[PDB]
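how does the following fold in three dimensions:
(chains A, B, C, D, E and F)
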Amino acid sequence: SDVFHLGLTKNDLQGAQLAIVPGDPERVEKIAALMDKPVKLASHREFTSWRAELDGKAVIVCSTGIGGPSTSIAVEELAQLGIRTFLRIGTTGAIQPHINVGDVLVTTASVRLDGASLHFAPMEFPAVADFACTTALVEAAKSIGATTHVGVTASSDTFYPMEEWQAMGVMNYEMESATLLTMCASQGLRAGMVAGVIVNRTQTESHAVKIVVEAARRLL
Amino acid sequence: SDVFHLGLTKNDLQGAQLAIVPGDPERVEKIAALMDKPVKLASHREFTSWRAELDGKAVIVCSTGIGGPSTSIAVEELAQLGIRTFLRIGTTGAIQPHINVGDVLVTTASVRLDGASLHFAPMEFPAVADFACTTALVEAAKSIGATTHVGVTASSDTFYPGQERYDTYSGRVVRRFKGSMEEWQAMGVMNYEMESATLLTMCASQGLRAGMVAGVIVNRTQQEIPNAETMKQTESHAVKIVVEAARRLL
Amino acid sequence: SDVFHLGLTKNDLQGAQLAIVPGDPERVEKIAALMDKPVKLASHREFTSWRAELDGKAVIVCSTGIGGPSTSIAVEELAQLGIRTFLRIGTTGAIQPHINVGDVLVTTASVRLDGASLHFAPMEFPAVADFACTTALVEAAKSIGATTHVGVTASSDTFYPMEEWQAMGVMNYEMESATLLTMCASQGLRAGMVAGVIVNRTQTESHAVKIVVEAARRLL
Amino acid sequence: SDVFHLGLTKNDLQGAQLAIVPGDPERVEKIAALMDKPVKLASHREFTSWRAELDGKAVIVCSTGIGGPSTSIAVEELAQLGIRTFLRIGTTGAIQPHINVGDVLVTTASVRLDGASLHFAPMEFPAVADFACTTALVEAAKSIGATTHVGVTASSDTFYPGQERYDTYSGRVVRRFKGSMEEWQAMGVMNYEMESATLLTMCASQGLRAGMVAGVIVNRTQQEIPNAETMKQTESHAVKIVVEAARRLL
Amino acid sequence: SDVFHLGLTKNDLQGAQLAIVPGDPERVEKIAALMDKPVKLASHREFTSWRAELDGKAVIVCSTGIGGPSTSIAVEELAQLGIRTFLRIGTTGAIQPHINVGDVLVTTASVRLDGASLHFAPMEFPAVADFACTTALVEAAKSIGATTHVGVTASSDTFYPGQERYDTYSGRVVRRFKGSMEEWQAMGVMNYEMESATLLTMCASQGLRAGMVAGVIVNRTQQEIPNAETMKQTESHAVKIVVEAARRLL
Amino acid sequence: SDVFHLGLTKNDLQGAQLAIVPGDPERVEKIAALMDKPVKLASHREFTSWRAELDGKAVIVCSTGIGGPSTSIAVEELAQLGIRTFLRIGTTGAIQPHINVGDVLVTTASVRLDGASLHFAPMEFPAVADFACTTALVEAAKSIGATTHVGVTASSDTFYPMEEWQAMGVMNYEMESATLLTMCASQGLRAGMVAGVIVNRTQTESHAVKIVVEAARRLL
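Residues are numbered from 1 along each chain as shown, chains lettered A, B, ... in the order given. The relevant structure is shown in the block below.
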């Protein structure tokens, strides 16, 4: 009602200033289930949103869809509704031999191989994560005894179609973080990014979900 | 289960070689309804598929989702499934003052303001529609009596700054897109959308045929706002066009 | 007199709103000869112009010279004199095995490998042909029984100095269409492009000349 | 018949190793006339060639046509024919208020606003003139008593938008060239033309020598218009300079 | 003599695996002074090195010089010498009105307005600081009671036009940087400097750890000018921070 | 005092309108020693400046440091203090087989492989030397019987980390000339560049120092 795509009003958010933004609706419900007073708000196209409460404060969980373009819509419209901190959780493969399936990756910054990040800042600007959010993710991962790696993620527009990134120390590949981190860092919004390792070519997801919620708690 | 995202098998398509591709899964059923024997195949994320019949030949209707990355997945997997002709149907706003709500747009080629197309051809390559598809769309529009505009669409990786919108959280657009809307207007660009640069570039570079039609449901450059029922009536006409276009391409 | 290079006045055009623009003077005379009341108007540098009449309406035939830069001068100065539709005819080689010497190519759009097109629009803008002009060329080719292929053409600044274009379905190579199509599509002018196949590495020009004239007729 | 466009054989050149290259074939005869025993070799499209003698050595005079693509053809084929030194003669407008009609410009290097040069060297490579050629041109100008300016020229693939002209059909220039003329003016660029980026880049990158001189026949930044006969007199002086430059390079 | 510019041998470092890297050789001694047993190793050009001890472990302090090219030399040679952690200390101006003289800046990542970083990773790669280094710097600042800002720095190959300064000889800035300062301000960039894009990109892409802290000594966006002694006191605090950060990284 | 880095006033220059700008302090002293009334003015960071006199006119010698960025500071601040002509002297290797150790290279223009030149003009603008300065360097080299080559130099941001430049006739590699030539040619300042060949992979520095001084003399 207040926004073009999400089908939400400011009032729906009950003062929420933080959102957790996974890609998929099934993951949204799982995340909200970990919190208090979970309520489904809306479901339009790729954007399924729930509301919940952490330490007496409202938090929103909203799916992004696939890629920077849909992610860009979700984040902008949530910011219009008052959210100032965004935490993404995903699941990925790793490209480094020492990263084990079951490990947790906290992204400090992303390689900008997407198209949407350029709609926010020129290529020379860093797709960097917020320091508070990065710290909270690392703390919450240690809190549940997760094995954690912290570093750079490669972010692109294609799922499928060179070992330069490995030689440069890149941890993993995904499709959304470049847009998310760039759009937030260049517009006065805080953003964090965490992922669970589900596969590694050189070689247990509920953890990342718990970690993102517990991180959110430290940021309220 | 033959493909990685759509949850479809080759046999499910019943030899179908043309697909109609809306963005929104809510629209899949209602366009399948215009055809014979509509059946719901699968529904996974924003990829909802239905199969139907037109003049005795199997046709698929499948949603793409929002943006080029999502669209590329849909197109790639359906191509694997044997689809060789893709007709995009949409609803859009216009960027020219003389284009009215209720008009129909057929896109000859797109301005590539996206990222995913670059994975299929370099920027020098044109995001051009197939001649046969474009002709069928133009002829179905005219047979229906629609007011039709044929030309260039700007295809953007974002709904907000790539479309030079200022009524946003930050109120700012990066220099690349500052003044960009006036530029496209002066160049004769008809409209903005978010999926066509990917669709048209990947099909033109891979021996597949694609076209795109859209109904105008709003115009940012006009003061008058669109009527409630006229927006729903423009959507039904666009749907009619795409089906009647498909009939000529079978 | 009215323009910098062509040596023409508005009055010279006698109301003409369409021009056929081949590269070479010998081709201009050949094209004008097919029409009624052919008259040579001027010859300065690369630009040799004739006037003629089709169905009682004035049409101009004007040579462009070699490449986007000279082509850009001819088209601009003809537009200043009132032309709003431009049809190019050339002769080329093909790069696709199924294209035969004697076949006719109608270009829907061009790969922009030239420099001059960038003086009109940034690289992301399509070097696309006008739909009416494209339709008229295809119709006129069928009218005389020509074997016709319709698709993308590669357009560059060099005649001589990778099989990526073939793998991408590109029909042929030339030097002028990118500038022509981009400059017209970005400035509210209609343009079409047709060529006769004179050679094919993977392997009868009067036809293309007749086709361009008959196409012009349908566009008046 | 040794080359593909000029319609010339090696023997036709009589061992000539320097060529004077105007753009317009109308100018070929009149510069050949300043030299001994002028003979018309060939004339095909805008490639008109004449041969002459200077201090007993054979010299060629050949037109290039308009733009880099045309020029590249001329230079490439003449290089094949054994030409190793190229002197460009032209007439030009100036872009600086203090450069007067009747002045002479010798170009040290060019701003590469063209496409064809990129086929010979990447953009990082300078479109720089040969030192010996530049020196000869500067010395011939001074010996004649010409008012001479030595510096950078902007070389454009277009006469209109690349030169930021607004008095055109559309009245618009793409953002790349909006404000570009004021930029070059502030950087000390002398003039605009259309062939030098190609000429200078291809010669500098291939072990060939090139220079360029031009007579100023107009100035867009001045209110006064040029006299009729002063434009023809500036052209004859420029021609004189290039011949006298050629004498020192033989 | 093990390296080509610093005039240092491996053994000179005494197994040191962390280095503090100021720009100015005048600052090398005074930061080495905060530590145990400071000794002057070498001094060649703007590469002055001192060694010291912190909690019993050898530490190096080495100047980088001005700009990315100079810095790349220092970092490369020290890396060869076995340094694996680099902490940059500087003094800087701010570009945000709410950042006050005497505040401290810890850089999370840098805008890459330089050339040398491109030799280590493509532009798409982020000029990002190490998490452990950034954490140590932030914690040392807070332990000291400093007012701290954590975020993005713009790193430029020039002090004047890349920082959009107009009070220069020419008074002009090339279009790329015209309006650029307002752009960075709106994006939340804290400050300008000249070495970090190179430092952070080369370390992040080569398995080395780097961070950067700086004391604010001036603010172009504020009318009030900085006090004389407050500039020297901000410098001593920054130095304190970097040493105390180093203690946690050993 | 008048400038941010160099520690100089206008008065320090005593009317000087030409500077010789080598990279290193040891070279500055050597150059000033060749002239009359040499006086050290200042030494801050990379910038060590001396004043001297040639034919009764003041000249400054000031070191630049390594690379375009430091060079850019020195040249700008000297221009603010009234210098309008700059001559660089260096020592380099050659990449052409016919260039001998002991030969002298006068650069007409540079390949722009640096980052700082772009802060002054876009890539299409030539990193070209001033004609007067180039002429004076060639004359002064002939004056002492030096073997001289005149042509293009490649200029980059890295000392260490393809034979395209050789095939294109490039004489040598260094790190400063691109910034110097571009920044001067685009801002109404004259600049020249000369170097002595100290090594050649395909195969006596005081000369270049004498040559730069004698060149300066001709430009006053």
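
use CA for all of it now, contacts and neighbours both
Noted.

quick one: residues contacting the spatially most central residue of chain A.
Closest to where the C-alpha atoms of chain A average out (CA atoms, centre = their mean) is residue A:88, at 1.1 Å. In this structure, residue A:88 makes contact with A:20-22, A:177, A:191-194, A:212, judged by CA atoms under 8 Å, 6 or more residues apart in numbering or on different chains.

highest neighbour count among the residues you listed?
Within those, most neighbours by other CA atoms under 10 Å in any protein chain shown means residue A:177, with 34 neighbours.

find the nearest non-adjacent residue to that residue, please.
residue A:155 (6.2 Å; CA to CA, 6 or more residues apart in numbering or on different chains).

can you tell me the SS state at that neighbour?
At residue A:155 the chain is in strand, as set by DSSP: H, G, I helix; E, B strand; the rest coil.

nearest spatial neighbour of residue A:203, chain-adjacent residues omitted?
That would be residue A:97: by CA to CA, 6+ apart, it lies 6.5 Å from residue A:203.

correct me if wrong, but the one you found is in a strand.
No: Residue A:97: not assigned to a strand; according to three-state DSSP it is coil.

report the contact partners of it.
A:200, A:202-203.

and the residue in chain A sticking out farthest from the centre, how far from residue A:142?
What lies farthest from the middle of chain A is residue A:162; by CA atoms, centre = their mean that is 26.2 Å. The gap separating residue A:162 from residue A:142 is 33 Å, by CA to CA, to the nearest Å.

and residue A:172, by the same measure?
20 Å.

residue in chain A nearest to chain B?
Residue nearest to chain B within chain A: residue A:115 (3.8 Å; CA to the nearest CA).

skipping adjacent residues, who's closest to that residue in space?
Nearest non-adjacent residue to residue A:115 (CA to CA, 6+ apart): residue B:115, at 3.8 Å.

next up, the contacts around residue A:39.
Residue A:39 neighbours (CA under 8 Å, 6+ apart): A:50-52.

surely residue A:130 meets residue A:188?
No: using CA atoms under 8 Å, residue A:130 is not in contact with residue A:188, being 10.0 Å away.

circling back: which helix or which strand is home to the residue nearest to the centre of chain A?
strand A:85-94 (DSSP states H and E).

next secondary structure after that strand?
strand A:104-113.

show me what whatever helix or strand comes next after that next one is packed against.
Following strand A:104-113 in sequence order, the next helix or strand is strand A:127-128 (DSSP H and E). In terms of contacts (3 or more CA pairs under 8 Å, 6 or more residues apart in numbering or on different chains; DSSP states H and E), strand A:127-128 is packed against strand A:104-113, helix A:177-185.

tell me the strands beside the longest one, with direction?
The one in question is strand A:104-113. strand A:127-128 (antiparallel), strand A:148-156 (parallel), strand A:190-200 (antiparallel) (DSSP bridges).

got the angle for that strand vs helix A:177-185?
Counting by axes from the mean of the first three to the mean of the last three CA atoms, to 10 degrees, strand A:104-113 points 90 degrees away from the direction of helix A:177-185.

what's strand A:104-113 in contact with?
Contacts of strand A:104-113 (CA under 8 Å, 6+ apart): A:123, A:126-129, A:134, A:137-138, A:141, A:146-157, A:171, A:177-179, A:181, A:192-197, A:208, E:124-126, E:128, E:131.

now it: how far from the chain's centre is it?
When distances are taken as CA atoms, centre = their mean, to the nearest Å, strand A:104-113 is centred 11 Å away from the chain's centroid.

C-alpha coordinates for it, CSV please?
Extracted in CSV, the C-alpha atoms of strand A:104-113 (Å, rounded to 0.1, in the frame of the first residue of the first chain):
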residue,chain,number,x,y,z
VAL,A,104,30.3,-20.4,8.1
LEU,A,105,31.4,-17.5,5.9
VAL,A,106,31.2,-13.9,6.9
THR,A,107,31.7,-11.6,3.9
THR,A,108,33.8,-8.4,4.5
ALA,A,109,33.4,-7.3,0.9
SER,A,110,32.4,-8.6,-2.5
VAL,A,111,33.9,-8.7,-6.0
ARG,A,112,31.4,-6.6,-8.1
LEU,A,113,30.6,-8.9,-11.1
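
convert the C-alpha atoms of stretch A:2-13 to CSV, please.
Extracted in CSV, the C-alpha atoms of stretch A:2-13 (Å, rounded to 0.1, in the frame of the first residue of the first chain):
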residue,chain,number,x,y,z
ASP,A,2,2.9,2.4,0.8
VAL,A,3,5.3,0.7,-1.6
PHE,A,4,5.1,-0.5,-5.2
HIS,A,5,6.0,-4.2,-4.9
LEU,A,6,6.0,-5.5,-1.3
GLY,A,7,2.4,-4.7,-0.4
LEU,A,8,3.3,-3.2,3.0
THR,A,9,2.5,-0.1,5.1
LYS,A,10,4.8,1.6,7.6
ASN,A,11,2.3,0.6,10.3
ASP,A,12,2.8,-3.1,9.3
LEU,A,13,6.4,-2.8,10.6
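
that stretch: which residues count as buried?
Along stretch A:2-13, these residues count as buried under the neighbour rule (16 or more other CA atoms under 10 Å in any protein chain shown): A:3, A:6-8, A:10, A:13.

next, format these as CSV and append secondary structure.
Converted to CSV, those look like this (three-state DSSP):
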residue, secondary structure
A:3, coil
A:6, coil
A:7, coil
A:8, coil
A:10, coil
A:13, helix
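
ok, these vs chain D, which is closest?
residue A:3 (32.5 Å).

quick one: that closest one and residue A:79 touch, right?
No: with contact defined as CA under 8 Å, residue A:3 does not count as touching residue A:79 (10.4 Å).

state the distance from residue A:127 to chain F.
Distance of residue A:127 to chain F, computed by CA to the nearest CA, to the nearest Å: 21 Å.

same check on residue A:11?
49 Å.

show me what the helix or strand hosting residue A:165 is packed against.
Residue A:165 is part of helix A:164-167, with elements assigned from DSSP H and E. Helix A:164-167 sits against no helix or strand, with contacts defined as 3+ CA pairs under 8 Å, 6+ apart.

give me the contact list for it.
Counting by CA under 8 Å, 6+ apart, A:95-96, A:154, E:205-206 sit against helix A:164-167.

list the buried ones in it?
Result for helix A:164-167 [16+ other CA under 10 Å]: buried residues A:165-166.

check stretch A:139-156 too.
Buried-residue list, stretch A:139-156, by 16+ other CA under 10 Å: A:139-141, A:146, A:148, A:150-156.

brilliant, that's me finished.
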